[PDB]
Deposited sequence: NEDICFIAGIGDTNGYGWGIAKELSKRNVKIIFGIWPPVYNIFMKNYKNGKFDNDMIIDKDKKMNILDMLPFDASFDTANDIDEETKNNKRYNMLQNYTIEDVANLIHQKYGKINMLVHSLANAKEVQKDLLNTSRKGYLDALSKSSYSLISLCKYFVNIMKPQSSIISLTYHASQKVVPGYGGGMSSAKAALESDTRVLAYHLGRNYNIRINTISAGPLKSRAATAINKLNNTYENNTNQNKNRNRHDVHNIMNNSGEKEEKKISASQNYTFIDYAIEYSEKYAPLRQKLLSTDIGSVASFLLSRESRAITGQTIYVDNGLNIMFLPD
């Protein structure tokens, strides 16, 4: 009764955020979507015109229930951080309460305390460039949006969460092993996110009795994954994974969703600070056959 989850980073039904929502919905968790303002209106219109109705089907006797859909920009910690230009930008100007602190405030006012938090977002202006050719601005952009955003979400949401709550994010193995193509400091940001997950596990665990983990997911053809193409990257990764992983089956977003759902529930009470691989075991291989 009243498991409520905020999922930060959903833009359509093709990413891991949607897979996580669907699996949580199956367990009767109420879902709140945090949607980045550049794609918020297109998301809502698609939703309203029933474009997602097929994608919301679960048991065939069961359909996803979404409690709310909120504009959310993980770039901004508080209203005071929003630069005048963004505030007046065409896509932002008609939206309110979209900073990290404001969304936490909003959620709490509307629904009270929550017990489940999902960071399912990343961004990097220079993802198309190799690390060596990444500018300082681009690298800091990657760390700001992909890594720091997790820390800030935690700082503001822990006030609206019950003890024994659970927090997950999503990472990629390029943090630990070299993946050519994963540029722009994205590798660096995932390494930071994985290390920050431990440090946060310590603070949140001791001061709040809240857990935090990260899922290192295998390749999924999401909207963001396609934007790694330069001049494709995700097709190569998928093909390589389906060919060489211990488990040669197609990796689904709901495969990640059911792990997320376990880590968010009380069943994972003794697990915290961990990077959990959900990648058909690809990470354990050294040399291909």
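*Asks:* Missing C-alpha stretches, by deposited numbering?
*Replies:* No coordinates exist for the deposited residues in 232 to 271, so this stretch alone is absent from the model.
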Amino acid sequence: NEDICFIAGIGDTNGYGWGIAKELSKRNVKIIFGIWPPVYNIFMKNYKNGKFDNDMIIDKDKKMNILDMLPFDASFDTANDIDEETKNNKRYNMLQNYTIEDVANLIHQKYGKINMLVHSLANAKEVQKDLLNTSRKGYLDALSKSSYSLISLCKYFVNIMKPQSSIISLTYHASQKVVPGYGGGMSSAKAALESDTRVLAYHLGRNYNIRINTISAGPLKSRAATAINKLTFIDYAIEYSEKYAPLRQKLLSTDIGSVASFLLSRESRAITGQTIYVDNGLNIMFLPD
From here on, numbers count along this sequence of modelled residues.
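For the two forms, the rigid core is made up of the largest set of C-alpha atoms that agree within 1.5 Å on superposition.
*Asks:* Taking the root mean square of C-alpha distances over all structures and residues in 4 other deposited structures of this protein, with a rigid core superposition, name the larger of 53 to 61 and 251 to 259.
*Replies:* When 53 to 61 and 251 to 259 are compared in 4 other deposited structures of this protein, 53 to 61 lies farther out.
*Asks:* Which of 193 to 201 and 81 to 89 lies farther, on average, from the shown form in 4 other deposited structures of this protein once the rigid core is superposed (C-alpha RMS)?
*Replies:* The more displaced stretch in 4 other deposited structures of this protein turns out to be 81 to 89.
*Asks:* Would you say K230 is missing from a third or more of the other compared entries?
*Replies:* Yes, a third or more of the compared structures omit it.
*Asks:* Comparing 17 to 25 with 274 to 282, which stretch shows the greater average C-alpha B-factor in the deposited entry?
*Replies:* Result: 17 to 25.
*Asks:* In the PDB record, does 75 to 83 or 186 to 194 carry the higher mean Cα temperature factor?
*Replies:* The recorded data point to 75 to 83.
*Asks:* If I read the C-alpha B-factors straight from the PDB entry, which of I256, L263, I238, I42 is highest?
*Replies:* Comparing C-alpha B-factors across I256, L263, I238, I42, the top value belongs to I42.
*Asks:* How does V199 rank on Cα B-factor within its chain, lowest, middle or highest third?
*Replies:* As the PDB entry reports it, the C-alpha B-factor of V199 lands in the lowest third of its chain.
*Asks:* Taking the values exactly as deposited, rank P180 by C-alpha B-factor within its chain and report the matching third: lowest, middle or highest.
*Replies:* It falls in the middle third of the chain.
*Asks:* Of the three thirds of its chain by CA temperature factor, lowest, middle or highest, which one includes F157?
*Replies:* Its C-alpha B-factor, which the entry lists for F157, ranks in the middle third among residues of this chain.
*Asks:* For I168, does the deposited CA B-factor place it in the lowest, middle or highest third of the chain?
*Replies:* Ranked within chain, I168 CA B lands in the lowest tercile.
*Asks:* Which third of the chain does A124 land in by C-alpha B-factor: lowest, middle or highest?
*Replies:* Middle third of the chain for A124's C-alpha B-factor.
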